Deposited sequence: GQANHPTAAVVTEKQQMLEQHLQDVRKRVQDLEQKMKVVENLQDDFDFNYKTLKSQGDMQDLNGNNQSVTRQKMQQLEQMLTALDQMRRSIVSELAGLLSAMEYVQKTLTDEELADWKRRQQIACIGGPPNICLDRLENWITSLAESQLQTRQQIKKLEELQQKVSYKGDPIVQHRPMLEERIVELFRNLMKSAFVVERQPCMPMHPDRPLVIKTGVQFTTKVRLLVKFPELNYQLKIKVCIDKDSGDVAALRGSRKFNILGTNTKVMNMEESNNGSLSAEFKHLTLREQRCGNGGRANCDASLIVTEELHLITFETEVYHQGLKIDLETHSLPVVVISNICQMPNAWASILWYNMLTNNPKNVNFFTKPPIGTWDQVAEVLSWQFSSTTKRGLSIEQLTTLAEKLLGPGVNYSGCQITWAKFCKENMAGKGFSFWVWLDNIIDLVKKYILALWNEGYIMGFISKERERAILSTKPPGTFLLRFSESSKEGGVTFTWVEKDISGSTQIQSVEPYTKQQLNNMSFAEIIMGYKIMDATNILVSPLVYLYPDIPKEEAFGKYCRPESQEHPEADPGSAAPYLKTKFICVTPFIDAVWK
């Protein structure tokens, strides 16, 4: 939806469109008058070799009118240029930069709308206006060549008008070249900006100046680790080469809007080994999953007498060799994008920024709404801020460092916050998908606050939550059944590993768990999912000559 700032932008772009038409009009008038003047002059000389009365006066008067039309045109052109310069900045430095920011956010699972359509229409309109304006300026030049005098408006301003129009266009083209789809392995659509060597990844660029004349004209060359990974910048770092079809012609193929774009598929990265390097300094100068790289795109455009070098790059990418490095790699991409809008700070992790629990929590919810249908409730969310910040009320300004979020292991645990959490999402995906869908799982809640169930709610009322001690990820629940109940003895079984969920699903465990009590009688999977809902309405939906005797496995607690 349009904001007011975009409203004005569209408005101004139209005013510019209008002015250019008016000037085009004014150019036609001055040309015709110049032709009329030229013929009249010719006719007058071709006889002054008897001079018709008043015709000399007409010639002189035509000339004066020409002069004035020229002065006029030249100052309206200058004013237009200044307005193009002002608005172009709004277009490129404000609206386009905003898009790039929201693209970062969309990569890490945030509210999208990274649609380039409006921007492309804006950019193309401005570009057309600039090129037509340059054509009028070129025309003024050829008008001066046919007719000129001492104090000619064209001779004393035109060069500056040309310089300004060319600089504007040149810069507009360069801003227009962007990475529409950031590097991502199609196999891990929710993990853009993380590439594993040997696995195909794809990326796409777009030129927001929609000029049909340029269809199939430009050749885009992509590479990784250019320039800054040749002379000055980072050190100790690994270096890679892109393998696969290195170049790609830009065209209007997909036809959606017929926008100029170039898509690269089947790309692969391979470490460039041997030679001379270092690995000097601390952390071997950043661990593998914290090292950042840039994929660059370059091309040259020769358009209407101008040569313009276009270049753009991806957001920093983390390169891994094995998939087991992805959780950590992702955390890096989260932190980077959550905390900065600089598109090329590869040394970011030398001294990472600190985030607030606010921004960290949002980002965390996104991670869930991406892979699943819904994110995190503040019950599960707030009990998470506790697992990091300890006791308290409200967590807005509470600072979360990179070390706390992922770099170092949690309190007494032998794993990091992010990794434990990523492993959970992977569990909620490979199994328990819809079983997590609606509001089913409490998921995250302290053994403590896991008291406000059977101990306030009738015996039977159970819970659905994750194993806090498990690195790989595991699941569990609630129920009061063992010995002579004192004042409601709350319980949980030992969490089920990813393999343990191959043996029987969770809502199947929940609606197929009797509990063989000391009495030798298998008692019961407690009723009422926490609030007051009998297990059935929620969990019942996911449950299910001489022949071999069909069987089905169950564990159901042994005592």
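Undergrad: Going from the first residue of the deposited sequence to the last, where are the unmodelled runs?
TA: Since the structure holds only modelled residues, the stretches it omits are 1-9, 59-67, 563-575, 591-596.
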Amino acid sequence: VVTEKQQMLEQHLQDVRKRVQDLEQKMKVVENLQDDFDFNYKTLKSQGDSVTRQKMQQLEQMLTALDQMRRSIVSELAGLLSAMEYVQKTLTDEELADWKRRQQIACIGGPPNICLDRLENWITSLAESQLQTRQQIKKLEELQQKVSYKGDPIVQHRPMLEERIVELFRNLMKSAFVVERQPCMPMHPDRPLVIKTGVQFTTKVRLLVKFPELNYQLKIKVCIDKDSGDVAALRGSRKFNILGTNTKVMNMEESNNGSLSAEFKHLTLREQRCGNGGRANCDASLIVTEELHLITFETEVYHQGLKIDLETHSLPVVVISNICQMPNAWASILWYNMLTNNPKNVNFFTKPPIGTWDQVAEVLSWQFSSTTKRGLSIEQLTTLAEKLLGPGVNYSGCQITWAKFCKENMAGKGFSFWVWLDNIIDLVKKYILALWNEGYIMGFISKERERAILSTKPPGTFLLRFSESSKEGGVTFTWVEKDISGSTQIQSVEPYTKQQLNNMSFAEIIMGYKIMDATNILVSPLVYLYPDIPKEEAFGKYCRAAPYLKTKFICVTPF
From here on, numbers count along this sequence of modelled residues.
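Undergrad: Averaged over C-alpha atoms, is the B-factor higher for 312-320 or for 406-414 in this PDB entry?
TA: The recorded data point to 406-414.
Undergrad: I need to verify one thing: averaged over C-alpha atoms only, is the B-factor higher for 203-211 or for 441-449?
TA: Mean C-alpha B-factor is greater for 441-449.
Undergrad: Using the entry's values, work out which of 335, 366, 349, 477 has the largest Cα B factor.
TA: Of the candidates given, the C-alpha B-factor peaks at 477.
Undergrad: So if I compare the CA B-factors in the entry for 38, 31, 494, 67, which one is the largest?
TA: Highest C-alpha B-factor among the listed options: 494.
Undergrad: Compared with the other modelled residues in the chain, in which third is the CA B-factor of residue 503?
TA: Residue 503: CA B-factor falls in the highest third of its chain.
Undergrad: Ordered by C-alpha B-factor within the chain, which third holds residue 519? Give me lowest, middle or highest, please.
TA: It falls in the top third of the chain.
Undergrad: What third of the chain does residue 461 rank in for C-alpha temperature factor, lowest, middle or highest?
TA: Highest third of the chain for residue 461's C-alpha B-factor.
Undergrad: Just say lowest, middle or highest third for the CA B-factor of residue 160 relative to the other modelled residues in its chain.
TA: Within its chain, residue 160 is a middle-third residue by C-alpha B-factor, going by the deposited values.
Undergrad: Quick check on the deposited entry: does the C-alpha B-factor of residue 220 sit in the lowest, middle or highest third of its chain?
TA: Its C-alpha B-factor, which the entry lists for residue 220, ranks in the lowest third among residues of this chain.
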